[PDB]
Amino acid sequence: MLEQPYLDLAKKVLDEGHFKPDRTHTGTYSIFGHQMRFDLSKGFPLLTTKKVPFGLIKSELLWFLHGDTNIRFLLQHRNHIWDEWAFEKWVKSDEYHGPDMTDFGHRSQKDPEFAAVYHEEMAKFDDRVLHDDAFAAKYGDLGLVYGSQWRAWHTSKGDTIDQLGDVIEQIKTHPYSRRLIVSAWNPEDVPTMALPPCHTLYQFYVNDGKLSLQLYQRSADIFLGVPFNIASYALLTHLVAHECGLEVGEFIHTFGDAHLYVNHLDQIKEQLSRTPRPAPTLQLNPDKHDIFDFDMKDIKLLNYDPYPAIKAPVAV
């Protein structure tokens, strides 16, 4: 099926990957350099061998597409993928007066009752970003996130470039353009960035009326990360195809360091016992066309019949 390339990557890393130490101190099995393609006319690459929350992937994509960098939009759609970053900044500032929470990500995963004090602490934070319009502007805005990188690349002359926006006008006026690249890797910010872009750069390609996209991802958490990533970009490939009035081609995922954290081997092994189900289909609101003014409801996924989800510890 469509998602067999994923299952293959995982197998590969299981028996070929070599042990490798890392930033988080959870070890990993790793390979360097890997690529896979998904013919997007065959169906949507949302994994069936495990239940992946599509809702989180699209609320985050639309957050990106809007050029939004404030955690608030996410919280409103009950999406907490980035809270950990906003909270972080907050706990290390003056306004914060409370149970310190230093190196919390670890401690939550390591202590029972701390985890409980931490989430109540976070509970207030999310609610406070959700309600205090000033607090939100102050602690809700991450600044350098894909949205701003994609749509507001700050220049040296103090202005801003709508990188993606320009690229799309280019696909229209020059579909055969070999230079259709959008980049999220800013060399001058990367050294002081808590998390320099994982999805470093991507390129569009047009031929025979079909649009294709290749993504260069420097680091991949094969079990926890890759499944979400695949969906974000295939979705993105469908949106851009929609706007440009082109048919959908393939999504080529290129990898730098594709790894498996040692604390995930039993799970990936289990998922590999499962047979792929037929793939879901993507359905976009035909009446609307400007993808930049797209919202939750203009994107429907039909026929997603996945195996149950698989819990897994996080790496830190």
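What we label the rigid core is the largest C-alpha set whose atoms superpose within 1.5 Å from one form to the other. Each residue number is its position in the shown sequence, starting from 1.
Averaged over structures and residues, the CA distance from the shown form in 4 other deposited structures of this protein after a core fit is larger for 102 to 110, of the two stretches 102 to 110 and 152 to 160. When the other structures are laid on the shown form by the core, the C-alphas of 24 to 32 and 273 to 281 differ in how far they drift in 4 other deposited structures of this protein; the larger average drift belongs to 24 to 32. Remark: stretch with higher mean C-alpha B factor among 221 to 229 and 119 to 127 is 119 to 127. Two stretches are in play, 35 to 43 and 286 to 294, and the higher mean C-alpha B-factor belongs to 286 to 294.
Sorting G105, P196, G147, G140 by the CA temperature factor given in the entry leaves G105 at the top. The PDB entry assigns its highest CA temperature factor, among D189, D166, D100, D83, to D100. Split the chain's modelled residues into thirds by C-alpha temperature factor. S183 is in the lowest one. Sorting the modelled residues of the chain by their CA temperature factor places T281 in the highest third. Ranked within its chain, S30 lands in the lowest third, by CA B factor from the PDB record. In this PDB entry, the Cα temperature factor of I299 sits in the top third of its chain's modelled residues, the highest group. Ranked against the other modelled residues of its chain, the C-alpha B-factor of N207 as given in the entry falls in the middle third.
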